[PDB]
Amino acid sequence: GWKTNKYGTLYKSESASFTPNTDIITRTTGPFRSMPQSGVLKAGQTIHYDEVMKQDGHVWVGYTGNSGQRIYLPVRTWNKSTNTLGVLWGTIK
């Protein structure tokens, strides 16, 4: 199913690979666009995530970056009122 954290983020464990088809802004700290930008995952650059979150109008995946800091990558839009998902911005493998 899902779990809900202190901050009303829906989350659960899920290990797989995401290759974006477009440049996506990654965040530090948590799955919100108001969070500091960690950087940009470029089109075709595969990452291996261990977490999935629904929050701030998006489905995010969370992984551990190259400084042991968690990185939050948005992969598609999510309306919580309808639980509707936009096109995935890449392929899960």
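The numbering used is simple: start at 1 and walk along the sequence shown.
Which has the higher mean CA temperature factor in the PDB entry, 83-91 or 3-11? Per the PDB entry, the higher value belongs to 3-11.
Per the entry, where is the mean C-alpha temperature factor higher: 50-58 or 64-72? The stretch with the larger average C-alpha B-factor is 64-72.
So among 26, 45, 34, 29, who wins on Cα B-factor in the entry? Highest C-alpha B-factor among the listed residues goes to 45.
Within-chain third of residue 17 by Cα B-factor, per the entry: Highest third, going by the recorded CA B-factors of the chain.
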